[PDB]
């Protein structure tokens, strides 16, 4: 209500299928904007609504892209017969009388040739080295998330069921598993560093959780392997004296 919301947060689509992206502006805001952002670039204006009226459509591609806001509240950006080049972050913003634009969290869209390209990560936890413990009296755990596609993941660390942020670093960018090729699955690493005394308590439970955003009930699945639906993949370790 007090902030701009967007749904779905992530979307993987089959080339040629239509997609619909939703934006809920801040309650009662007159102005609504759509922007498209390519990886490592700046957002590019698509379209602007004043209530239900689409006053400036100048940034929309000449075909397949159509936005709607029929009651001047919720807006839907529809992309017909999606193509690979449509992969981007779609951002929605709203503004009231002061004209300051507030942005939503975005929709990350990946258009792929076939949904058989979608894979959840495998997740593994690597325990601290005894040599690090004796050298520094610190203990670094590593989590690896490998073989996933698209890059629609959220990794978190949990200690005795409580999320931890201090002493953590997750790679800002994933690695390509097939670096010579254009089509590649991804890997991602994270570290959690604690004091050695904390790691040495066998009652302490450490879990690395990766939420992967994948297929929905509506997506068709014909491969013999498990459907790569949205899921959590985790790995864990217990402290060691």
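Residue numbers count along the first chain shown, from 1.
For the pair 149-157 and 88-96, the mean B factor over Cα atoms is greater in 88-96. Annotation for 117-125 versus 68-76: the higher mean temperature factor (C-alpha) is found in 68-76. The entry assigns its greatest Cα B factor, within the set 140, 101, 136, 110, to 101. Remark: of 38, 192, 187, 208, 38 shows the highest value [criterion: C-alpha B-factor in the PDB entry]. Annotation for residue 237: C-alpha temperature factor in the middle third relative to the rest of the modelled chain, per the entry. Ranked within its chain, residue 83 lands in the highest third, by CA B factor from the PDB record.
For residue 226, the recorded CA B-factor ranks within the highest third of the chain. Only modelled residues enter the ranking.
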